[PDB]
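Q: What follows is a structure written as structure tokens; I'll ask about it next.
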Ligand SMILES: OC[C@H]1O[C@H](O[C@H]2[C@H](O)[C@@H](O)[C@@H](O[C@H]3[C@H](O)[C@@H](O)[C@@H](O)O[C@@H]3CO)O[C@@H]2CO)[C@H](O)[C@@H](O)[C@@H]1O
Ligand SMILES: [Ca+2]
Ligand SMILES: [Ca+2]
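Residue numbers (our numbering): 855 to 1537.
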């Protein structure tokens, strides 16, 4: 099998995701439509059900709309059962669960979308057409509730395959967080507090932890090829890391979370998450910058490049970052005026690092500022749009040009309006020229490239006013004019490659598991995969793909390297996280840990999951507000189940490290349910 295989659910670098808002796409079956207040046949009441269903998607697949576009994957709304109540709205006079973000039963389907049967047809049909199916998943909450008024909505009631677990009011079981609502003041504030009025789930609760894990297996069993975790910014890192392990242990599938970042916003917690959570993230830094440059004009091409560079240093796995120019939460990219800007944003995105995602209707020039104006019904299905063709032409490149899929990014020419970058993966190359100026042409001189000597034509076929170029023996390019709004794409696909690792998934494993190595020039005869210096067991060997079983090495981060049967050594793919064992979520609590100003408390310990006594990699700074109040600190950490750990807390400020006194604390991590440890600061 090849990395481009639809069966390659662990890699998305060569794919193109098409984000669909189920209800607003296509009503393939009217018989399943809602009745009364819920439904709106007219499609004018933006907060009501329109009738979009899985059958409608199936139709768009079978009819060639999506396929003809070059889309290799689809990301649909949460398939789980939603509340049935019609919330009050002043503007739209009615607010429903049309979006599927108000869960009611994570073990059942949304009757309006279809049945498990209709879901299967979707999965199957999609697969038969070589399209991967991604689903939205929001384990952070249920629905909008009011502790005071159990008469509001459905009180955020949670069901387990029909049987009620509990509501928001009278939550004797402690399934929810009754800490009020978040104001985004702090990281901890937005975790243990309500996201708006949504009933916050207490994943620390054994029942909830188990429920959520089993709930996901239901869908994994349905044949899904990916998951989009909702509000990963509103749940504890520890629990999420532990949740990921359960998924990857059951059946690995590409997973990416939603960590909202504003304009010019950079969050260290966000970076750490993407680097340790065991899941990928939506590239908000990318998305927000692209809009600044191509849409709102609040930054230059210089800002775009710096984003490309800073991004590449922060993220350990940039090839996994899910890019995009807009979404159901943002104002539609197209905001009137010229359509050139969108196309340039699409082309840039399609040829840039990571995994591109396209919001439904982008190719239709759909407009709409703010929710729910940005969630209008599918306008038209015209395949003539310049935007529709852009995707059609560029999408496939991700499969044909490994440089576009896993290659690096390097600037070759840049001014305030012009950006000429180059994607390189060995000998394979891709050169893209963009001129944001819709009225100014530029004379390009002094340009150099890795493109072999010769004459290159535009892959876009002049679609965006692009043309051909000539590269000299010294990689120099003949001076040319970059007309206004021009977009050109030149490439060179090598005929022969050396061992080159482009991708590795998953990035979070355990000894005995199987990882998939994607790249080029591995050979047809089995070679050797090494986790540092320790060789693994080959499960399958191909020129572009290698499946290997993780060796029983010391749990920790490892660097992957390949070795063809001919002795040729590949490049290394670093920071593969090898855990100690099955993860479990344990809450650490330490009392009487008073500190000075600017001093925080951290957790260090016996295992890799605990940093292995490395104070620089200590867990924290620990929390001290919501659940527990200072001087008592706490934190949700993922640890190896059934393991006896030795730990100790420390205080860190910036230039000082105060360890806890006495002997190390000892604890045996549970095997099933979640756990909690409470200790007192040793002097
Ligand atoms: O040869 C010395 C010089 O070479 C390298 O410079 C290259 C730039 O890195 C590259 O950006 C490009 O420069 C263009 C600028 O992007 C643009 O602002 C405008 O000024 O046109 C320039 C083209 O001349 O090309 C040059 C090479 O031609 C290298 O990076 C430098 O450190 C070094 O000084
Ligand atoms: Ca319908
Ligand atoms: Ca939460």
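Quick reminder that beta carbons are idealized off the backbone N, C-alpha and C, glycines included.
Which one of 1503, 1418, 1422, 1416 has the shortest CA to CA distance from residue 1536?
A: It is 1503 whose Cα lies nearest to the Cα of residue 1536.
Q: Quick one: what's got a C-beta closer than 8 Å to residue 1270's C-beta in the same chain, skipping five residues either side?
A: So the list reads 1154, 1155, 1156, once near-sequence residues are dropped.
Q: Considering only heavy atoms of ligand 2 and the C-beta of each residue, which residues fall inside 6 Å, strictly closer?
A: Selection output, chain order preserved: 881, 883, 884, 886, 887, 905, 907.
Q: Which residues mark the beginning and the end of the beta strand (DSSP E) in which residue 998 is found?
A: Here the beta strand (DSSP E) through residue 998 covers 995-998.
Q: Nearest to residue 1624 by CA position, among 1144, 1139, 1097, 1146, is which residue?
A: Residue numbering for the chain in the displayed model covers 855 to 1537; residue 1624 lies beyond these limits and cannot be assessed.
Q: Using only alpha-carbon positions, find the residue among 1016, 1056, 1234, 1001 that is nearest to residue 1027.
A: Among 1016, 1056, 1234, 1001, the Cα nearest to that of residue 1027 belongs to 1056.
Q: Leaving out five residues on either side along the sequence, give the residues of the same chain with a beta carbon under 8 Å from the beta carbon of residue 868.
A: Within the same chain, residue 868 has close Cβ partners 857, 858, 926, 1252, 1253, 1259.
Q: Any idea what DSSP makes of residue 1357, helix, strand or coil?
A: DSSP places residue 1357 in strand when its eight states are reduced to three.
Q: Any residues whose CB sits closer than 6 Å to a heavy atom of ligand 3? List them in chain order?
A: The set, ordered by position in the chain, is 994, 1045, 1054, 1088, 1089.
Q: Can residue 1164 and residue 1528 be called in contact, C-beta distance under 8 Å?
A: No, Cβ-Cβ distance for residue 1164 and residue 1528 is not below 8 Å.
Q: Let me make sure I understand the geometry here. Which of 1090, 1417, 1190 has the alpha-carbon closest to that of residue 1392?
A: When only C-alpha atoms are compared, the closest one is 1417.
Q: Given a cut-off of 8 Å on the beta-carbon distance, is the pair residue 1210 and residue 870 in contact?
A: Taking 8 Å as the Cβ cut-off, residue 1210 and residue 870 qualify as a contacting pair.
Q: Can you name the residues that DSSP bridges to residue 959?
A: BP columns for residue 959 point to 935.
Q: For residue 1263, which three-state DSSP category applies?
A: Correct three-state label for residue 1263: strand.
Q: Identify the residues that DSSP records as bridge partners of residue 1372: which are they?
A: Per DSSP, 1357, 1399.
Q: Using the beta carbon as the reference atom, which residues fall closer than 7 Å to any heavy atom of ligand 1, ordered along the chain?
A: Residues flagged by the Cβ proximity filter: 1265, 1266, 1267, 1268, 1269, 1299, 1300, 1301, 1302.
Q: Could you spell out the range, first to last residue, of the alpha helix (DSSP H) harbouring residue 1253?
A: Where residue 1253 is concerned, the enclosing alpha helix (DSSP H) stretches over 1251-1254.
Q: Per DSSP, which residues does residue 1519 bridge with? Please list them.
A: The partner list for residue 1519 (beta bridge, DSSP) reads 1501.
Q: Look at the alpha carbon of residue 905 and the alpha carbon of residue 898, and state the distance between them as a whole number of angstroms.
A: Rounded to the nearest angstrom, the two C-alpha atoms are 13 Å apart.
Q: For residue 957 and residue 992, which I take to be in contact (beta-carbon distance under 8 Å), what is that distance rounded to the nearest angstrom?
A: With a Cβ gap of about 6 Å, residue 957 and residue 992 count as contacting.
Q: Look at the Cβ atom of residue 1299, then the Cβ atom of residue 1250, and state whether they are nearer than 8 Å.
A: No.
Q: Quick check on this structure: which residue in 1231, 1245, 1205 has the alpha carbon closest to the alpha carbon of residue 1286?
A: It is 1205.
Q: Counting only runs that start and end within the region 1031-1071, where is the alpha helix (DSSP H) found for 4 or more residues in a row?
A: Counting whole runs of 4 or more residues, the region 1031-1071 contains the alpha helix (DSSP H) stretches 1043-1046.
Q: So, with DSSP's three-state summary, where would you put residue 1092?
A: Correct three-state label for residue 1092: helix.
Q: For residue 968 and residue 1188, what's the separation of their Cα atoms in angstroms?
A: Each residue's Cα considered, the two are about 32 Å apart.
Q: With contact counted as at least three CB pairs below 8 Å, one residue from each stretch, are the region 1466-1483 and the region 1062-1082 in contact?
A: Cβ pair count under 8 Å is below three, so no.
Q: Let me check understanding here. Comparing Cα to Cα, which of 1166, 1129, 1185 lies closest to residue 1142?
A: Measuring from the Cα of residue 1142, the nearest candidate turns out to be 1185.
Q: Does chain E have any CB closer than 8 Å to the CB of residue 1184?
A: The structure shown has no chain E; it contains just one protein chain.
Q: Check residue 881 in the structure and name its three-state DSSP category.
A: Three-state result, residue 881: coil.
Q: By the three-class DSSP mapping on this structure, what secondary structure does residue 1276 have?
A: If DSSP states are grouped into helix, strand and coil, residue 1276 belongs with the strands.
Q: DSSP on residue 942, reduced to helix/strand/coil?
A: Three-state result, residue 942: coil.
Q: Counting only runs that start and end within the region 1402-1464, where is the beta strand (DSSP E) found for 3 or more residues in a row?
A: Runs found: 1410-1417, 1427-1432, 1437-1445, 1454-1459.
Q: The beta strand (DSSP E) with residue 1334 in it runs from where to where?
A: Element bounds for residue 1334: 1334-1336.
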